[PDB]
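>>> Give me the fold of what follows.
(chains A, B, C and D)
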Amino acid sequence: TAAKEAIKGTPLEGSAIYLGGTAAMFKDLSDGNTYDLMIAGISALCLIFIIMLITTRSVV
Amino acid sequence: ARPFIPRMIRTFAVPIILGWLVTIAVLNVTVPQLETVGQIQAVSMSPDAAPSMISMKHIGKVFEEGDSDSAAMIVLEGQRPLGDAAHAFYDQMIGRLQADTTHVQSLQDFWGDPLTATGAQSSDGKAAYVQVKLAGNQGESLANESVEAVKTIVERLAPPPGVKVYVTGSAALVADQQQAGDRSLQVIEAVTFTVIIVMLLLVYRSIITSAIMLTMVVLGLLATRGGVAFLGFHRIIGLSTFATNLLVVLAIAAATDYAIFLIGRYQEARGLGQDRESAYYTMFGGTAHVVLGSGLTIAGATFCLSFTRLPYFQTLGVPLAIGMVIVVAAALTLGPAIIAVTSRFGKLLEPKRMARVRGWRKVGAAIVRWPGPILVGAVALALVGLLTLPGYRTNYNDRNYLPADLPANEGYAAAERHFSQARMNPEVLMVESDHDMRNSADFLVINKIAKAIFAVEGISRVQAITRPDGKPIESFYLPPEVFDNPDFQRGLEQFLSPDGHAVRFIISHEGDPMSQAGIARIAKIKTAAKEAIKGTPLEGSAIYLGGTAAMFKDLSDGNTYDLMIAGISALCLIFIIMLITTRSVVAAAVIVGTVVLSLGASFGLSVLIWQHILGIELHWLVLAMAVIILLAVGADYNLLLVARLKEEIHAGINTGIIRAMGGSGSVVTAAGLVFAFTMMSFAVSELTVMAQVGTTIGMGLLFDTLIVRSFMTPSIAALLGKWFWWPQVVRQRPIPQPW
Amino acid sequence: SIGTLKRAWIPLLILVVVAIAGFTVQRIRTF
Amino acid sequence: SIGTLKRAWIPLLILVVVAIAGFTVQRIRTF
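Numbers count the residues shown, from 1 in each chain, chains lettered A, B, ... in the order given. Please see the structure below:
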């Protein structure tokens, strides 16, 4: 954000900003981690609900 | 014996019918229509005490540019970079625009001066714009005819080849929105009339009873429309287009509820097995006080809506209250009279194939025996509705809720092809100090203010006297001999005050300036200016901010305070009318809690459907109209259901639940489905706002009628048992009588 | 007396509700 | 009808649950 507001007004407005390193990698992994934990939790809980529904024939 | 009011209405039925018809004819002949009296007697939509309106009036007063906030822009674009033909067209056009006085008062000529020409031209040179400040506040008629006059002045002449012209701005947006709302009421009305007629043929399964019920609704609607038009035309009360729209939709709602209530009670009474006269007298004695109390508590809530601080809601309460009084009077006198005269004319209103009653008694038998698990299921569906409610956003930009064929929209598209910003909706910041501002050090302070405003995250351009193009990214100095060149003097009259006691900056945002972020930016702008003036001899000035986003932030703050005020007033009136009706405080508390929970769950479900699945945000008028209409109708059906429940409790509480359900739930759900699908068929509209409002009301009331009022209130009643009627001492069941 | 408190409990309760409602609405009106 | 719905409520409920689950997972994978 600091780079993006630094290039404003000057004739490099609209350039491409690329950032890399260990910290950027770990931020991408953490964001992906929370979304993918949500996905895995949904799939696992749905499958447990399915197998308990076939086994017992009851929804409660 | 026999009560006096129904006997009086019954005996004198046809004089009442003829008198009502004559009154409706007089009010709809000698008085013009509601749209015309709304147009000629419109009001402003912003408060006079709002800081944005005060700032805009003060900016207009200091620079001597009128007393209006409305503005528009003229945009010229070409497939080639613009040349001297464009200059000649621009000079001639601003000459003929300055010729007009009674419609346009101000014109910010920027492209004429070569100093600010670079600030009034595109990067590639294939676009230019000029701002014109018109007459009349926004929401008034005068701004609309000013827009029409300026656009026909522009269109009257032929542009040079390769160069095209358009009108843009917020005034053009509201004028084209009024035009679009005028011309988009034919085919959606066709599908609405056919879905109403198929819904009534489904509910009543007859062509005669539907005809009488439509006669009831249309006569009540005409009477209400004529009465409100009479009271507004002779300047007794005030009116608005918003007021007439909400008035007509709530009038149709209340009229069809009362008509379905009276007809359903009469048909149930005749289906019990009694003759046609005592059936009329028992339906009167059953639902007349119900209609009276429901109509008066809706009228009281809508009157208490007038104690607020927003012009969208101040100007609405008295018209709704008066219109609801005419609706109650019509449904109480014209309704039973025409029911009586069509009853004794011959065989017209007949019960046939009564199968809803037995099914709803089966549902009542199901809810009595197992209140616990059914209550858990209904609360589970409610919690399904409620969990998406905390995540909810809004948008204030009205361009993306309109069809793309409007001339304002194609002007916006032409502006967006060459401009990377939202240059069509600027903001004006004035700083007013108590000394003359033609000085070099004060100019340094002005440059400091411009630089400080420029550094706010989201602000793309600031135009000042120091840097007219919009790039305050250099160190600035100015020798004092510049005060002799007449072109710099023209710039000084353009930017500074004529008396030299005020300075203005023109601010252009990034992306969408009417989004939530665009609302939040302006407080940071004012704060940045305030810490920019600290420590200078200019410290202690008056900072005014005007524009579209300032107006919308003011409206959103007023919206949330007004929502709290109207909610407290409405819930207190609901508690009061339940307290009179039941003589029970716990039943009133149960009903109020059920109403507020049902409203929250329904609005959450609507947010889930629109914002998450379809992918477009909701408006804020949709929330306002939804809560008003659903509050009114929910109070009505809840009062009728609770009154029918109270009516028979002496033969047990559980038997009371099943008998009240089989006697009232069918009528309540018939009215619910009819009005819900009538509002639901507005979804085919090319106007996005009214489609959103219609389908939000439709799905919310479907959730209200199918789950909350059918499976949650009787479950709580049967679960609490005889503690539903505290303080009154009532038995769970009567004394066990012998066989 | 207790007769004047238990025979007019509905009007007194309504009066308390309207009083606190008007107080709160007048308090929010000045915001 | 009533018979074909109450006879096979189990495969219908597994179908509805996996339908909503697939919709949600396909929504989250876009992120």
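
>>> ranges for the helices of the chain?
Let's take chain A. A:2-6, A:22-56 (DSSP state H).

>>> Not quite, go with chain C.
Secondary structure of chain C, counting by DSSP H: helices at C:3-6, C:9-29.

>>> Comparing these, which comes out most buried?
Comparing those by mean neighbour count (mean count of other C-beta atoms under 10 Å in any protein chain shown), helix C:9-29 comes out on top with a mean of 13. The way it works is simple: take the backbone N, C-alpha and C, and place the C-beta from them, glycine included.

>>> now that helix against helix B:585-607, angle please.
Put simply, helix C:9-29 runs at 40 degrees to helix B:585-607, going by axes from the mean of the first three to the mean of the last three C-alpha atoms, to 10 degrees.

>>> Can you say which of the helices of chain C is nearest to residue B:290?
With respect to residue B:290, and counting by C-beta to C-beta, the nearest of these is helix C:9-29 at 19.3 Å.

>>> ok and the residue in chain C nearest chain D?
In chain C, the residue found nearest to chain D is residue C:31; the distance is 39.3 Å by C-beta to the nearest C-beta.

>>> Spit out the contact partners of that residue.
The contact partners of residue C:31, taken as C-beta atoms under 8 Å, 6 or more residues apart in numbering or on different chains, are residue B:561.

>>> Against residue B:50, how distant is it?
Between residue C:31 and residue B:50 the computed distance is 13 Å (C-beta to C-beta, to the nearest Å).

>>> same question, residue A:34
42 Å.

>>> Which of those two has more residues huddled nearby?
The neighbour comparison of residue A:34 against residue B:50 (other C-beta atoms under 10 Å in any protein chain shown) goes to residue B:50, with 20 against 9.

>>> For the more buried one, give me phi and psi.
Residue B:50 adopts backbone torsions of phi -70, psi 140, taken as degrees, to the nearest 10.

>>> Contact residues of chain A facing chain D?
Contact residues, chain A versus chain D (C-beta under 8 Å from any C-beta of the partner chain): A:35, A:38-39, A:42-43, A:46, A:49-50, A:53-54, A:57, A:59.

>>> Show me which pair in these is furthest apart.
Maximum pairwise distance among these (C-beta to C-beta): 34.5 Å, between A:35 and A:57.

>>> Spatially central residue for chain A, please.
Relative to the mean C-alpha position of chain A, the nearest C-alpha, by C-alpha atoms, centre = their mean, is the one of residue A:32, at 3.4 Å.

>>> ok, it - contacts?
So, once contact is read as C-beta under 8 Å, 6+ apart, residue A:32 ends up touching nothing.

>>> quick one: it and residue A:42, what's the gap?
Relative to residue A:42, residue A:32 is positioned 16 Å away (criterion: C-beta to C-beta).

>>> Then residue A:58?
Distance from residue A:58 to residue A:42, by C-beta to C-beta: 22 Å.

>>> before we move on, what about residue A:28?
As for residue A:28, its distance to residue A:42 is 22 Å (criterion: C-beta to C-beta).

>>> ditto for residue C:2
Distance, residue C:2 to residue A:42, by C-beta to C-beta: 62 Å.

>>> Flag every residue of chain C that's near chain D.
When proximity is defined by C-beta under 8 Å from any C-beta, chain C lies next to chain D nowhere.
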